[PDB]
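K.L.:
Dropping in the first section of the assembly, placed as in the complex:
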Amino acid sequence: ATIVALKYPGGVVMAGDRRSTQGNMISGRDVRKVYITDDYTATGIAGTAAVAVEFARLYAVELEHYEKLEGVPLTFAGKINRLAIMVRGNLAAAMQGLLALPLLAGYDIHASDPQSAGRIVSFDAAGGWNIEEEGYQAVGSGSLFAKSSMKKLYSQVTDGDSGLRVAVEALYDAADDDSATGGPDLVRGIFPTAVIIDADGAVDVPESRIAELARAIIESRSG
Amino acid sequence: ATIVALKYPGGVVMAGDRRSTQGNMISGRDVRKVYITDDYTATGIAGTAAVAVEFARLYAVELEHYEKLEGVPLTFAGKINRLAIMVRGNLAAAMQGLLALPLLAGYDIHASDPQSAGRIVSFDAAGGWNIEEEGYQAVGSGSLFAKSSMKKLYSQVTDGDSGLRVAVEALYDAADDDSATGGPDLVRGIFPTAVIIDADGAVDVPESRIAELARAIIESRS
Amino acid sequence: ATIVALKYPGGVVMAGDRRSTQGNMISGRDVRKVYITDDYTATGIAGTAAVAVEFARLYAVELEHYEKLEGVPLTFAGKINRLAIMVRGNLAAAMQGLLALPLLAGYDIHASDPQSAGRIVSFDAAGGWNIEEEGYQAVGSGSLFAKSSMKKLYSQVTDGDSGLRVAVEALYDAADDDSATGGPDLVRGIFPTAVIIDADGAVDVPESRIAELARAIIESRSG
Amino acid sequence: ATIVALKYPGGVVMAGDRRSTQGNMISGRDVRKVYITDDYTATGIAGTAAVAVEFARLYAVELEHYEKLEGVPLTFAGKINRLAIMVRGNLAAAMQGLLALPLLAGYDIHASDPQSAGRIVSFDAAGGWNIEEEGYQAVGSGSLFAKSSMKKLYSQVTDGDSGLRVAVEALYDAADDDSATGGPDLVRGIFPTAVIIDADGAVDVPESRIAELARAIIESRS
Amino acid sequence: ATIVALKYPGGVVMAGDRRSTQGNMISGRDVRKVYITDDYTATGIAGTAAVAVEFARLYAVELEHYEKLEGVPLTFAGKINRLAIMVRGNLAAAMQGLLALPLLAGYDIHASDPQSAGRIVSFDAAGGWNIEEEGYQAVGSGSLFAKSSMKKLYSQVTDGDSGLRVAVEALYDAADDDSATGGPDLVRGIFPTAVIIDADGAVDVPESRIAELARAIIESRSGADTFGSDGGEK
Amino acid sequence: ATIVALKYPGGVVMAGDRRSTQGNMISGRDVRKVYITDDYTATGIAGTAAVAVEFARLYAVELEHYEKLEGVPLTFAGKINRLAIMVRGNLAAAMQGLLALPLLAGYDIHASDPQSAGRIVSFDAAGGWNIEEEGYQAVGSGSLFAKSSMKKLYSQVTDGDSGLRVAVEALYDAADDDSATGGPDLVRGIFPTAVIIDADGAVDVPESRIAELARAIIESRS
């Protein structure tokens, strides 16, 4: 599994791959790992698939719950803290092998400058969170390759779109050197999922656009 | 890793993938796992890469050494025996996690019927061996998927070429359902390796043939 | 044990074998492993026989319970979720050896298109569930052989019937390479059980149909 | 695995099934577990496949080697002893999971009464042996079911043929109640193997006769 | 210990042996292991003798309790389920060495056909139960020999009585190859106990009938041993 | 297992049961556990069957070997010593579960009084030995019941026959209270084995006599 996220001028993009494994065997080819938890935040979770889906569901329930009770959504710092408590609470079971690490991407409406209102937050096993200040991040098994490719490509990220391309590509190298990360399957037409967040909310990327970008990357590296 | 071998009317074919891993990390994109040990045998080895390449090398040396001393190659039975003794010798290291299992294909020149002189032989970690009769075998992490593919595809095998295509396809399915087995890389142009043995000896299938077969399969599935 | 399931145009078919073992010894020759839990679902369970029969019984009780209280049956997503909670709850005892993995087949009346209203859901030990999109699935010890045979035969599935044949046959190869899966016993006339689900509900397959298909497969491979 | 042996008036018969497993997985559909070690003995070996085939081979070599050096075969007692010593030598490896138990059938040419010159001998992992006196023996995972079947069927044994049928049936019940023992495969045509020893030596029962008896049994039970 | 049960046309017969051991030493020679838990069901239990007798008493108490409260006895399926819950309940202590496995025989009055109203139910350690439909079953240490003998004799079973004979005999072979199962003691006159269930209820078998059948089986095996040989050698 | 030995006026008698088990399962119905190692000593061995028969055989060989080299048998003291050294030699294997304990009965031709030249000697796993003075000994799982029986029945021992009957009875009670010891099987006709040693050497009691005594006991207890 691999999930990359990167800031672009005016928003944030989070993309995740599609494969789920059981040891060496490929058990699944279309797992969606990026969820739109609310109008302005998307959450990608890596690890044990059970703890992953439960985290996404429970987190979304909680955010909308507080919104309905208080008539106003939480601030971004609150969202971070709630997620971190929920992660810390799974530390006991996580030491037993049910570890799930999230990766939170959001757009802060209350932020002073609209052009830097993107935020990327990465968590550990102990619920310690860090607000990323370096433009991108990745979690999962292939995370190191993805981070090392985005390190060379992040100078091209100039808007939402080129950011989407760099994300697809970093996912491509992650899959390229890590067998647990699936690469663009051209045969079944299965490609990574993406989410884009800006002033107007968080929307899912239509599959055709990720496919055009993917084929473009493969045509580029074949020669 | 996954290495398939199947008899066809008049010969034997043996093919292997190209990936080598360390855990989840893809470390080698072009390893060759099928060797031509002598003019009438080929040996695939699954498992620990060091122990594998070493087995292949040493076995080839031994076959050829006896051949030079006595002026005649061993019978297929003797070859089977020596390979089995090597495998039995690595047993302690195999339990220490250095396991290497060989799959031996050969063409018996002394067999009575030439159309069925093909030979496939499989080994376990304890050196016991078994001559295969159902016409195909495989070894490695993808072996079960490969065997279950060849069981259905094997009625199509009628000559050297059809047998080659069936081999390549079985590999494609192994790789399709197991992450430790690499499929045809169309981007870098790396394809499985194949050896064909018949009445005239053992030759390596040149890459182009395997490329065309792989492209035919890939178009057939999409 | 082995339980296969596959979608066909207009419904779903689930078939399971008949043998139960205690180590190497054959202890039972007529265990039924596929149950009709409600008018539109069928549950097949593999593993510890006790935990299996309990899951079937308890699950059916629960579904009908909610129906009586609320005057309306659960949606399909609800059914999946309740089963998954019930599986997750058996994780503690499952680590100690009492492992039971279910396989849920259903027909969704509320689904938009009637021709794809079949559904197949597979579970793990941690209660993570996956909605299957490949058209078939199998659980049990012989599951990998059965999956690999249905992979080559699924192009012949065109209705409830050809689907039934492919199911019986995949079960036949599972039994053929796995000693824990029983093959068609021609001597005692014991054959796999099957359930078929479509717009009109879930009905058990009469035994003579499965027997005739079975003898047809054996006669076909005998030469 | 399961190998039965029974004495009939005038000779001995020894039959064995054909399956070989790895856990729940059926790996071999046609293994031969009963060898003719010499003109008047036959050896079945249950257990680890490697250790089994090796035992059989080496024992045959040793019997014949002494025969060539001294110009006369050992007595049945000497053969029993050498087999026992070979078994005792594998005890260390058997405790490490490489156990192999042999069942030895023979026809003593030096015995006084020809009608009871048949001999059956069973061994444990610790090399001790025992000469059977109840007319039959078996070894392997199905041995208890086979013995409990022969206890009832043995009054029907009156010659070479009835003894052969009782052997095949005992195997059928072993396989019927135990999954590690293969029964007659009517689809692929694979049947138990059988060896008959009498005053004239040891001969392999040709497959057709075993096929007949198997079909008679299967018809009787339906 | 060994307990065999088998269906016969119109009823069911359950027979059990008489010995109890403490390791190799024979500690008891007249343990009764087959109980009549109610008018139509008999229960035989094997394993730790404590957990055995306790199970029998507790089960009988429970069945009659429900009968008195509800004015109607449980159905047969209910009986099975309660027994299984009890067995499952003893799983924790069973893993520490207090294992007891039961074997339930009954006659279902509410069953459609009176001639197949016999039922045999076998349990495991996890309380999973199986309704037997092969005609017979056995539990205990000698269970495999007894099952393998009843497999060759079950074609002679035609009524309550011939079924009783086959039961005594299967018990005889169980005891014959398993030292933990006691054979008919001709010296002290101790023989297996039997229970027979049919349309008229479950009754204990009088000891003289089991004893005559026993002596008959011994005279027949001794005469069949005299007739037989080892390939021609006696 | 259970092997009793008792002195009587003028000789010694040694008897043993016939059962051999594997756990709760009865595996051998006619094992012979009492051997005649030489013209004046018999040896019983309880425990692991293999180690038992080995001890017996090898000890007989050693006694007779020294006899052929030196032209005179060892004294009873020397025999005791050699047996003790063998037993001490098996100590490591005994701690690893392969324990075999011998009970040695002999008739000392060199003793002063012929009426008390009988000799019984018992051994532990550590090779120490002890010359028995209370007139009887036993070994095996039933030894305690057998000794507690002979303590009461021993005043009846007045010659070779009465001593034989007391032996058979002691065995009967061992078997009566312990399941690993077989009693007289009236159905198959298998009875304990017995050896009698006196001034004229060691002879095997023929089976018929042991049969008659066993029947006398059995009717006595009904």
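P.N.:
Happy to help now that I have it. Numbers count the residues shown, from 1 in each chain, chains lettered A, B, ... in the order given.
K.L.:
For the residue in chain A positioned nearest to chain E, give its distance to residue A:1.
P.N.:
Residue nearest to chain E within chain A: residue A:96 (22.0 Å; CB to the nearest CB). For every residue, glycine as well, the C-beta is placed using N, CA and C. Distance, residue A:96 to residue A:1, using CB to CB, to the nearest Å: 19 Å.
K.L.:
and what of residue A:50?
P.N.:
14 Å.
K.L.:
Longest helix in chain A, by number of residues?
P.N.:
Criterion DSSP state H: the longest helix present in chain A is helix A:49-70.
K.L.:
on contacts alone, who are the packing partners of the helix or strand just after it?
P.N.:
Remark: after helix A:49-70, the chain's next helix or strand is helix A:76-89, criterion DSSP states H and E. Counting contacts by 3 or more CB pairs under 8 Å, 6 or more residues apart in numbering or on different chains; DSSP states H and E, helix A:76-89 packs against strand A:41-47, helix A:49-70, strand A:100-107, strand A:118-123, strand A:129-131.
K.L.:
number of nearby residues for residue A:146?
P.N.:
32 (other CB atoms under 10 Å in any protein chain shown).
K.L.:
Secondary structure class of it, three-state.
P.N.:
helix (DSSP: H, G, I helix; E, B strand; the rest coil).
K.L.:
Compute the distance between it and chain F, please.
P.N.:
Distance from residue A:146 to chain F, counting by CB to the nearest CB, to the nearest Å: 57 Å.
K.L.:
what do you get for residue A:55?
P.N.:
Plainly put, residue A:55 is 53 Å away from chain F if you go by CB to the nearest CB.
K.L.:
Surely that residue touches residue A:47?
P.N.:
No - counting by CB atoms under 8 Å, residue A:55 stays clear of residue A:47, with 9.0 Å between them.
K.L.:
Can you check which residues contact both of these two?
P.N.:
residue A:100 (CB atoms under 8 Å, 6 or more residues apart in numbering or on different chains).
K.L.:
coming back round to it: between residue A:50 and residue A:1, point out the one with more neighbours.
P.N.:
residue A:1 (27 against 21).
K.L.:
Excluding covalently adjacent residues, which one is nearest to that one?
P.N.:
Nearest non-adjacent residue to residue A:1, counting by CB to CB, 6 or more residues apart in numbering or on different chains: residue A:140, 4.2 Å away.
K.L.:
add chain G to the structure above, sequence below:
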Amino acid sequence: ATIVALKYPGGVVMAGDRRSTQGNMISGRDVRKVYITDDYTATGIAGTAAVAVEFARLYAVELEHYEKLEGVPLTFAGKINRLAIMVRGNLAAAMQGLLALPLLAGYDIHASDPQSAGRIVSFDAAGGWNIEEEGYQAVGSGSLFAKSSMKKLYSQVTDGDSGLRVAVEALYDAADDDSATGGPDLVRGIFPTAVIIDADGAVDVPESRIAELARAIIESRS
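P.N.:
Adding chain G to what we have so far:
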């Protein structure tokens, strides 16, 4: 530690950092990890410092020893083999923690095309080796970051100097993302070490060139 090696048109370059740690503590600021084992091969070793320096020394001795005895250097294949055998020999100590992994760069004088006579070879702890064919390799704690850097920067490599700059940059990124790898120390003036091998042999890059390249990179990133 981190040692990168990359082929360029006509030669090979091999560079290594300078830090050596004990836990979190920086213990050596100027270790040299890349040796010139002979006129056409350089060897880097990651891992335990003792085992590393010893490997390098002994291997150089052995190459040169055979050269003096036979009057001709081994082929690149023989060199690969000897290094592999040394590595396989240290395996027992590598499991105990004294692991040392070598990366071997050489220029084959006997290769057919001079422009691609460069050679890079990588080893695992079990002595198996692999001839790298994607143009670059690395070893040590920073190896993954270094490889992921060279994958992107490698299209810029066109000669000896550009290849050298790419090497230094890859090292800079290794150090940038891993704390056990030292970067260019501008304060003390300590820079990575580099060796260049081409048709004319192996020469150490003089420090000034590496200093200028490092300063260019550092100013580029500010």
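K.L.:
Re-run the earlier check on the neighbour count of residue A:146 with chain G in the model.
P.N.:
Neighbour count of residue A:146, defined by other CB under 10 Å: 33.
K.L.:
thinking again about what came up before, just the buried residues of the longest helix of chain A, please?
P.N.:
A:49-56, A:59-60, A:62-63 (16 or more other CB atoms under 10 Å in any protein chain shown).
K.L.:
again with stretch A:183-202
P.N.:
The neighbour-count check on stretch A:183-202 (16+ other CB under 10 Å) flags A:183-184, A:190-198, A:202 as buried.
K.L.:
Can you name the residues of chain A sitting close to chain G?
P.N.:
Near chain G, the residues belonging to chain A are A:144-145, A:148-149, A:151-153, A:173, A:177 when assessed by CB under 8 Å from any CB of the partner chain.
K.L.:
shouldn't residue A:125 be in contact with residue A:91?
P.N.:
Yes - at 6.1 Å, residue A:125 counts as touching residue A:91 under the criterion of CB under 8 Å.
K.L.:
measure residue A:127 to chain B for me?
P.N.:
26 Å.
K.L.:
and that residue, what are its phi and psi?
P.N.:
When read as degrees, to the nearest 10, the backbone of residue A:127 gives phi 80, psi 0.
K.L.:
Could you find the closest non-adjacent residue to it?
P.N.:
Per CB to CB, 6+ apart, closest to residue A:127 is residue A:88, 2.9 Å.
K.L.:
what sits against the closest residue to residue A:45 other than its chain neighbours?
P.N.:
Residue nearest to residue A:45 in three dimensions, not counting chain neighbours: residue A:52, with 4.1 Å by CB to CB, 6+ apart. By CB under 8 Å, 6+ apart, the contact set of residue A:52 is A:33, A:45-46, A:100, C:128.
K.L.:
Number of residues surrounding residue A:124?
P.N.:
13.
K.L.:
Look up which residues are beta-bridged to the closest residue to it other than its chain neighbours.
P.N.:
Among residues not flanking residue A:124 along the chain, residue A:101 sits closest, at 7.2 Å (CB to CB, 6+ apart). Going by DSSP bridges, residue A:101 is paired in beta bridges with residue A:46.
K.L.:
list the contacts for residue A:101?
P.N.:
Residue A:101 neighbours (CB under 8 Å, 6+ apart): A:45-47, A:87, A:123-125, A:139.
K.L.:
Which entries within those meet the buried criterion?
P.N.:
Here, 16+ other CB under 10 Å leaves A:45-47, A:87, A:123, A:139 buried among those.
K.L.:
one more, chain H:
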Amino acid sequence: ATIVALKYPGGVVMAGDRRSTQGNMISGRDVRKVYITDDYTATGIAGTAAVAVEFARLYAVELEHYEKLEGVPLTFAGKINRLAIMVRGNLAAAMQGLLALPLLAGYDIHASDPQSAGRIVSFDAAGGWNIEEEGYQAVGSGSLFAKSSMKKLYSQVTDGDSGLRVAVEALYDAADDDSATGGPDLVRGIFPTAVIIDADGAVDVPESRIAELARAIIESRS
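P.N.:
Adding chain H to the chains above:
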């Protein structure tokens, strides 16, 4: 990680570095480890990052809580005690691996002499606290190097500013010999954070001042 603190005439200065690691990999480059917990106390925490940030937040919440309830802030001794009870409370999880050690710097308004109203308090794992009476202190991995540098520089401390320089420098040597402590990154402009406390409260140090002092130290040592 490393956090230094030192008294200067009229106040106290606490400075901490910026790097966070995950084993050998550098995971963070701008972690702030010094917090202003209230108008007159700053708290620096080292160890597990989670336990660190949690401690800071919880401690600040608690101090202001008591202030709001009682209308008067705690005395300094109270603050120390509460922090120590919190640290003691984390002792179980701290033995499990989630260890966080704090370092408390304050200015006591109620102290008699305004010029020595600074205080430095260091804690252990068991919540035992000590009031330092030696002018300075440091916690973290690089703590010993920082303490040993401040030991040679503390005679230059004469006001808030020279104290700030000595702090930055001691942090520089800590980072210089400890890979887990980050040095001044001149490329990204990341420098240690500082807090200064005196009669007028606790204020954060503007970044440009720390950068000027840092570059001054580097130019000085080049």
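K.L.:
Re-run the earlier check on the neighbour count of residue A:146 with chain H in the model.
P.N.:
The local packing of residue A:146 (other CB under 10 Å) involves 33 other residues.
K.L.:
Then residue A:28?
P.N.:
17.
K.L.:
burial of the closest residue to it other than its chain neighbours, as a residue count?
P.N.:
Distances taken as CB to CB, 6+ apart place residue A:20 nearest to residue A:28, at 3.7 Å, with adjacent residues excluded. Residue A:20 has 19 neighbouring residues, counting by other CB under 10 Å.
K.L.:
what does the one 5 residues further on give?
P.N.:
If you count neighbours by other CB under 10 Å, residue A:25 ends up with 15.
K.L.:
Then residue A:108?
P.N.:
For residue A:108, the neighbour count with other CB under 10 Å is 18.
K.L.:
same question, residue A:29
P.N.:
Based on other CB under 10 Å, the number of other residues close to residue A:29 is 15.
K.L.:
so what's the residue of chain A found nearest chain G up against?
P.N.:
Residue nearest to chain G within chain A: residue A:148 (3.4 Å; CB to the nearest CB). The contact partners of residue A:148, taken as CB under 8 Å, 6+ apart, are A:173, G:144-145, G:148-149, G:173, G:177.
K.L.:
that older thread, wait, doesn't the residue nearest to residue A:28 sit right on residue A:47?
P.N.:
No - contact between residue A:20 and residue A:47 fails when scored by CB under 8 Å: they sit 11.1 Å apart.
K.L.:
How about residue A:171: what's its closest non-neighbour residue?
P.N.:
Using CB to CB, 6+ apart, the nearest residue to residue A:171 is residue A:192, at 5.2 Å.
K.L.:
show me the contacts for that neighbour.
P.N.:
Here residue A:192 is in contact with A:15-18, A:168, A:171, A:184, A:210, A:214 (CB under 8 Å, 6+ apart).
K.L.:
Around the closest residue to residue A:157 other than its chain neighbours, count how many other residues there are.
P.N.:
When the adjacent residues along the chain are set aside, residue A:157 lies closest to residue A:163, with 4.5 Å between them (CB to CB, 6+ apart). Using other CB under 10 Å, residue A:163 has 29 other residues around it.
K.L.:
what does residue A:3 give?
P.N.:
31.
K.L.:
go on, the one 10 residues further on?
P.N.:
Residues near residue A:13, counting by other CB under 10 Å, number 29.
K.L.:
How about it, nearest residue that isn't a chain neighbour?
P.N.:
Spatial nearest neighbour of residue A:13, chain neighbours left out: residue A:163 (4.7 Å); criterion: CB to CB, 6+ apart.
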